[PDB]
J.: 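Dumping the structure here so I can ask a few things about it.
We use all heavy atoms of the structure for the numbers below, so side chains are in, but hydrogens, waters and symmetry mates are not. Residues: numbered from 1 along the sequence shown.
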Amino acid sequence: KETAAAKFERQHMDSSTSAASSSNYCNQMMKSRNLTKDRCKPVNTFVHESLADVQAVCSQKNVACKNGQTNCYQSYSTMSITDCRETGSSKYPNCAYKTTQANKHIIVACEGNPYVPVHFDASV
């Protein structure tokens, strides 16, 4: 099956573009990464950095995860991200998203050997 690390890359990594392409970015992207297949995932963040830069966050600032676990890490530098947020009019299977571009610190949870991101926790 798809590993947790690979699931993180599918859900959250878009190194192809420097920022949110367009107003239509989230609609195209949430569908193509299979985030609208079983339901409309209501919120999702994409990170526009190289994979190496994001994997490096697992050795940056250790912070508590929202769930109380302690394996979360906050990036020291801000990163280019896009938040995708379901619109009020969105109804499965025709999911619809607002696309918002931002530059924020990311918080990810890391596990494994090698120690890599498996969960996007928050942006701050």
J.: Find the distance between CG (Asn27) and NZ (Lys98) and round it off to the nearest 0.5 Å.
T.: 12.5 Å
J.: Please find the pair of heavy atoms, one from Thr45 and one from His12, that lie closest to each other, and give the distance.
T.: O-ND1, 2.9 Å
J.: Please round to the nearest 0.5 Å and tell me the distance separating atom OG1 of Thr36 and atom OH of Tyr92.
T.: 7.5 Å
J.: Considering all heavy atoms of both residues, which atom of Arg33 and which atom of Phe46 are nearest to each other, and what is their separation?
T.: CG-CE2, 4.1 Å
J.: Taking atom types as modelled and ignoring hydrogens, do the side chains of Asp14 and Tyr25 form a donor-acceptor contact shorter than 3.5 angstrom?
T.: yes
J.: What closest approach, in Å, do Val116 and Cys58 show between heavy atoms, and which atom pair accounts for it?
T.: C-SG, 3.5 Å
J.: Donor-acceptor check, side chain of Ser15 to backbone of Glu49, threshold 3.5 angstrom: yes or no?
T.: yes
J.: Please report the shortest heavy-atom distance between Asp83 and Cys26, naming the atom on each side.
T.: O-SG, 3.7 Å
J.: Applying side chain to side chain contact (heavy atoms under 4.5 Å, CB included) between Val124 and each of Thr78, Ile107, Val63, report the one that passes.
T.: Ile107
J.: Does the side chain of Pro117 reach to within under 4.5 Å of the side chain of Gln55, using non-hydrogen atoms?
T.: yes
J.: Classify the ring geometry of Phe120 against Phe8: parallel below 30°, tilted from 30° to 60°, perpendicular beyond 60°.
T.: parallel
J.: To the nearest 0.5 Å, how far apart are NZ in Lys41 and SG in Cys95?
T.: 12.5 Å
J.: So which heavy atom on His48 is nearest to which on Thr17, and how close?
T.: CB-O, 3.0 Å
J.: Measure across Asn62 and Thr70 and return the closest heavy-atom pair with its distance rounded to 0.1 Å.
T.: ND2-O, 2.8 Å
J.: Centroid-to-centroid, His119 to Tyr73, below 6.0 Å?
T.: no
